[PDB]
Each structure stands twice: as C-alpha cells, then as structure tokens.
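So this one's two forms of a single chain, laid out as structure tokens and tagged structure 1 and structure 2.
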Structure 1
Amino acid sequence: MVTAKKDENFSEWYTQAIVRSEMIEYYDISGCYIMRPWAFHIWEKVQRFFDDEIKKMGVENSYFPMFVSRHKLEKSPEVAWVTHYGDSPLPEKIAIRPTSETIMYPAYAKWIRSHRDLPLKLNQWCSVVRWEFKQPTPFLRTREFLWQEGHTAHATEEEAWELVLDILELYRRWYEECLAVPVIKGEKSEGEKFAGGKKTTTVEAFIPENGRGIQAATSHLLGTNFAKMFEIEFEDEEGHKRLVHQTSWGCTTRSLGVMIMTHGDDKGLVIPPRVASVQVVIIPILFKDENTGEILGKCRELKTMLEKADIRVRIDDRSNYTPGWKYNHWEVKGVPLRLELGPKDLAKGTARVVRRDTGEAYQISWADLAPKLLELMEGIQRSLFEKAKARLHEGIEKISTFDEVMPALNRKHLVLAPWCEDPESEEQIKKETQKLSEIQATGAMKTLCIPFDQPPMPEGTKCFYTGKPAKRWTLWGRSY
C-alpha cells in the first residue's frame, strides 16, 4: 500500500512506489541497489527493442574486460581501484570500468589498418562503476549501474554524424515508443558536452513534480581526437594514412526511474503496456467454495484465448491470498489491466476489466475479450504518452529576458531562451541562479540542451542574459 501522495512529498512517494512494488531492495554498500525481477522485466524489454534495432544497423555485441590498468586508464579519477588479490598487493593497481574507451580503443587501433576494416561498429551490455561521494537515488543516480555502451569508427565524419543521429533517434524511440515518456532531442552546450568529443547530442526528460530536467541518454560525435590519442589510423584507397572518425553512445536503467516518475500515481506504479511483463492479470474471486472449479477452469480457458492474441497474461490463482489482497498487489505493481471473474460473471458469460491508468471498468463478453483488450492496451499506451507530453508542454516557458527566469524556476518550469552560446555566460548564469535561490531561503539553472527543433531566430534578437546577438534557442532549468 502506497500512502505518500505524489504531489506532496515526491521523494517519499518515489521510495514507497519502488519498494512496495518490489522493484528494488536495499544493500549494505552505499549507492548500490538490488534490481528485483519486477524492474528487471522492464529492462529486458527495452534491451530487446534497442538491441534488435542496432543489429539492423550492423552494430555487433561484444564483451570487454571490467578492469583497466592504472597506466591505461590514466593515458585520481573517482574510480574504484582494485589493489589486492587475497592479501597480496598487485604490482600495479587496476580500476573498475567507469566507461570503456580506454579498454576498447587500444584494440580498435590494432584491428583497423585499412579502409577495408571500416566501419567498425561495436556495442556491449554491462555494468559500470562511478564512485561518487554524493547522495544516490535508486534507478536515477547510482554507484553501479547497468548500461549499454556503443562505440563506432568510420572513414569519414559525415558517416559518423549520420550514425550519431540514427542512434539518438533509437533513444527517442526507447523512451517515447516503449516507455511512453516524451523526450527532447538536442545538442549539449560547450561546457556540458563530453570533453573527449566534438559534439554531444542528448535526449532530455522533465520531472514536473520537482521541476527538474534529467539527461535520458547520450550520443557523441567524437571526431578524430581519440583516434589521435590511441593512434587509430587506416590506409585509404589511395595509400594515405588517415585518422578514423568515431562515435560513442549510451543509455542506462535510469530510463526505468524516469518511467516510474512519469506515469506513477498515488496508488503506485503504472507500467505502459509495451514494457509490461504482465499486461493482464486474471483474478478468480473465490469465497465459501462458490463454484470453485468452474471459476478456475474458465480462467484457464480465458488465458489460453488471450495468449492466442499474444497478450501477456497471468492467472493469480495463488490460494494463500484473498481476492482483495490481489487487487491491491497488482495495482501497486502497475499491471495495465485486471480481469475479475467471479460466480456472477461466469453466470453471465462476461468478465469485469479495470484499467490501471484511469480506473475505468468494462463489462466484456468472453467472445469480445481479445480484440477489446487489445484496443484498451493501445488506448492506455497512447494516453500515457499524450498526458505526459501535455505535462512537458505545460512545463516549458518561452522567455526573452533574464528577469523572467526566477519566477519560472519558482513555478517548477523549464525555460526556452535565445542564447549567444558563450560558455562564460553559462557559468555566470549557474552562479547567479544558485545565489538567488539560496537567498529565497541545488538551485542552479544550467543548460539542458539546445533543441534540434529550432523556432526561427528573428534578426536582431538579443541573448536573454548578455545582450549579445542570440544564436539559438536553448532549454534551461534546474536539473539532476
């Protein structure tokens, strides 16, 4: 049972939702959490979608070591260092991977020798470790987390940039098509991009209850800098030695946290049908032996028919729990549809179906069950996305001048503002907004992204902070 209200104390609500639904368990090492099966099911679904999609692009999976030698990593950072095997010291300490550039690119330098070898497109599913001192949040910001990382090498910059954009569109689909979470595609600012690359692109999500943006996934154009550092070169069709043009990209189980925060309500989780391991739960109403074998035989009959429409169905015929307990259990876990079958329903040839997202109840004849449920699930998925998109739209304010910023931040909104893109000004804006928030008593505003979808920039439009010529419309807000 969830008792905290989402719109009152959001942090207590989130903790309740993910504990009481059995998504997470705590662990004695700070910043690490156990991912229980109810959460892991969702990860498996988005992993299958993304993996299928990158394979059609020619990306192949691989597995590189979890350890990197001190002198290879440092070609200290907040990495976990292994210094001993048993009681014996290693002659050189080794780190646990925070990301695998230093592990993979020496191999790329060995494998790439001619244009015949390109493009090289690899991905791996693994976990990484970033041992930060700060407060962790389950799914969103943890010390160890699951994440794929893709790394590619190309003969030209244009082919690399094309892949960057293709991958970022896959991340838009991971969020919007699977998880029903709306995201904004954009470029990172110069101060916010990956330092080892040329251009970083991102999908950004918005959490209306605390007003914060959160980076959902990222796709980098690395250019040739790592090719220089690692000596990744190839002979072109005319004999000349050239540097490769690289990309890298990743997305994590943070996606699940964003889903939970987007669609959850006062009763617990709400799982979008496309990633629900159980789409429909059938609950036999058993009491005083009122037509028991009748009811359970019928439930089995219904499961088989729905499955023949590829609906993912679970009968909760466990005998150790009451029907009321089952209603609340599957509601807190977010199953899209609950189908109730009792003696009355069997006498009438119908089932009672309740939608998780809106609570609406439907009396459906057995014959109609499969097509109707399909309609409902399409309806649920679509409505989850559309409601979320409306909230995203209501949470962004277009502004012209800096004087509008603090009122907007106080409404827990993001701002879209014309910006000159000077890196000094982003540093100044972060400092000023933090100071102002402090005085009104994590308050800094930073750039979230420069969106791909740019409204026109009228000639003569001035930067909202510096008064210099504005270049592009930029999304700002408080953030994770």
Structure 2
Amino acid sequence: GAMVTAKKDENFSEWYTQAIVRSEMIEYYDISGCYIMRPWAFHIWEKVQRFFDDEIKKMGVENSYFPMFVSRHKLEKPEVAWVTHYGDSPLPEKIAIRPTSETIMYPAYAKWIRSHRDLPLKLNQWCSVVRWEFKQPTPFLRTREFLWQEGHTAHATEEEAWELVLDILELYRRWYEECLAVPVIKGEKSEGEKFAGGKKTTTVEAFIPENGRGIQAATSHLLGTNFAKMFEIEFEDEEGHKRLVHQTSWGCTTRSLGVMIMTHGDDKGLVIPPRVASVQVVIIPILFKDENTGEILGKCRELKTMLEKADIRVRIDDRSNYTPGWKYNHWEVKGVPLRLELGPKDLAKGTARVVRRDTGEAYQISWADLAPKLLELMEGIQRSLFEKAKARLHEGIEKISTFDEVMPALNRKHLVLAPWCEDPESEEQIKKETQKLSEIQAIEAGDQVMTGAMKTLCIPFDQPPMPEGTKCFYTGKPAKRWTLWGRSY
C-alpha cells in the first residue's frame, strides 16, 4: 500500500498531490485544468450538497436546470469556452459554455415576474461551469471545469434581498465550519474584487498556512437593481406602478473539498472530519490462522449492526490478503477518523480497541459503551479539528500600520490586517508593487508558479476599533476600515 512520503511542512505541493492521488480522490486527465473526481471524494461532495440543498429548500429556494450554452449577444450584453461547430458544420453565431448563469436565467426572470405577488422568486441549480483561464490550476481549488451550485433570487425591496444575501453567507459559514471544520472570515469584497455588475459582494475567506495563501471559500452577491435594469426585470405593485426587482446570486463549489483537505491533512495523508467522512469507523478484524475466525468476524458484524443503529457509517475490512498493519496505513491515508480493532484478546474481554486518526490516541471501550462513546469521540474529533485550524488561522494574521511592514509579514507566510482608505487605485498599485518585490526576493532565493501579488481578501464584518486619526497604510489618507490582505488563489 502506498504511503504518503512527502512532508506537509516541507514540500507542500508534492504532499497535496500525494494525499489526493494515493487516497483515490482524484485522477488526471489529458485536458489541462480538468481532473476526474473519484468516489472517495465524490461521497464528501454528496454530503455537503445534501446539507446545503436541505437548508435552502427550507428558505423556499427550488431547484431548476438552465442550459449550459449562452448566445454571444446575451453573454456580451475572454475566460469563456466557445463552441463554433457541430461536426464540421460551422454555427452561424458561436455560443459560449456557461461560466455563470445570470445571462442565461435573467431573460426568463423578466418573462416570469409580472407583479409583486410573483416575488420573491428563488431558484438554484446544481451543475458544472467552465472558466477557461491559463494560470496554474490546482485540483479542487482552482480548475477549468468545476461543480457548484448557483442560487439566484429576486425581491421587491433591497432590504429583503440583502437579508437573503446574509442568510446564504451564514449557510456557507456552516458548510465550511460545521460540516468541514474549516474556519472562515466573513467580509465584503473591495470595489475592484466584487462581482462584475453587482452592487455589493460578500464572501467567506479561508487561509492555507503552508503557503500563506488566502482563498475565497464561497460568495454571496447583492446584485441590487443593476441586472434588473440590464434585463428589464420589473414588477407591478398593487396599484400598477412598475419597479425594478432587487437581486442576489450566490455560489459554492468543489473548492471546498480542497480547502478541507489542506486544512486537516497530515504527514500520513488525509484526515476527514467525521461529519462528512463516508466511512466514519473502519473495523479491522485480526485474523490469525490459529483462531476462531468465524467468531471474530461474527462479532465484527454484530458491532457493525450496533453502530449503524446510531447512524454511524461503518465498513469492515476483512480482506485476508493484507495484514492489519497494511490496512491501518490504507485507511489512514484515506482519512477515516476512527479505526476499531478486534482480535481474540478483545473478544475474550468484551472490549474493542479504538484509534483516532487526528491524534493517534487509542482507547479500550466495552461493547456496551461503544455506540455512545464513539458518538462522543467523533464530536470531539470534529471540534478538535476545527479549534486547531482556527488557532492556525489566528496565528496567520498580522495587524499592521504601514506598508513597510507588508513584505516581512508575507515572508512569514502571513495575511495582514491593515487600515485602508479603500481607494480602488490603491489596490491596483499594491498588487503591482508587492508582485515586483516578490520577484526580486525569488531571485535572491535562487528559486514559482503562482503570483506573488498581495491583494485584498475581504473587509471583515468584525471590525477592530478604528482610532480617530488613523491613516491608511499605503496612501496615508484617512483610513476607513481594516482590510484583510494576502497572497491568494
């Protein structure tokens, strides 16, 4: 059985590749930026999909399916894939593969919305989209084709639309923190980073300590009336006056899995939080030749049935052609959070040996105690994974006053929280300056595939105090808010 041999804290990229290949999460493909999602990864996607779909159904959002193609003139009302032929017959007008579906959906919204009684209109779809960039792709985190949901709502007032933006952003916080045990920071995107055409974009941002990079985990946009004006989406009040609708859109992708993998993995391979692990407990029988193997396997089956009564997801690995040691490594690499070992000694004592994946700590638990204690143990693992990741997030953010402090902090692979005047031009200049200083540094390093530019990640909702005369860290103008910056995906 393959072991992960790269160390997470020494060659992070090689570590990540080994962890996702050797655990059978991914397979490569002959078109660049496209990868195969194998069942071990797909199962985790199914779990978060089900969580989020159930939660938005409770909000009255209904699923739908809109075409994957969009006409040139509807899309252009650059990073798009264009279809131009069927067989060898040219199309009269090329058609694009969707990168996002506002321009596919909103002509229909304009047809469907007639009066205030048609609102709010709330739709979602689960599908894949294509964003054909040429920069370095990374499995799960940044790919040419990815799976996502996208929700699109329309409301009679801005207040109700904004309320929904924030309710969805809270569901994305729960997707990452409660399901995947990944801490995130809620905030607003800067004017240069917000969705094209929208009014205000909110985000949850995550952090990869090993390469210092922030990453946008999910996004929820107040489109306001901008798209309603573009698509003539209006409704009548009760006396017949026409008004524009107020819109949101929001989306979360398979990037989430990658974030999870990078957050919790260790030098042995994956560590999957128990709430989304497709196998929570793997039972490994010890099978000597000189034992009553039928009695040991019979007890493993009884324990499996007992655990499944508490809804624990259990597999018995009773393969005779591998040793227990081999199986220990096999399921460690795959990130199963609990292993249960049962041999003749255990049978005789009425106990089982349980080993937790995150710490390696082992417990002896009586069969009667097994189901409640495992449940307690899985909640403790989930909580411990989250708290440890949150401590690394906090340790990864430096509060600074002045631009002179930026390069030392980025050299420590940290994010910076700085007072900023929020001038869009300033962000563009900071990106270019940090980028050129990073190139110099790389040459002093004797070194390289992603950009060294520092950009804004999010103006966090939770704002530290801003003292009276605080200046912006780059311009010296009056600072308006604390903003989180870093290198990023």
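Numbers follow structure 1, counted from its first residue as 1. So that the term is clear: the rigid core is the largest set of C-alpha atoms that superpose within 1.5 Å between two forms.
J.: Fix the rigid core, compare C-alpha positions between structures 1 and 2, and report which of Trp111, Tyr321, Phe194, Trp125 shifts by 2 Å or more.
T.: The answer here is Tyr321.
J.: After core superposition, I'd like to know whether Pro91 moves between structures 1 and 2 (criterion: C-alpha shift of 2 angstroms or more).
T.: Passes the 2 Å threshold, so yes.
J.: If you line up the core, how far does the Cα of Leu163 move between structures 1 and 2, in Å?
T.: A shift of 0.3 Å.
J.: Would you look up how far the C-alpha of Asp289 moves between structures 1 and 2 when the rigid core is overlaid, in angstrom?
T.: C-alpha displacement of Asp289 between structures 1 and 2: 4.3 Å.
J.: Once the core is aligned, what is the C-alpha displacement of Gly239 between structures 1 and 2? Give it in Å to one decimal.
T.: That residue's C-alpha is offset by 1.4 Å.
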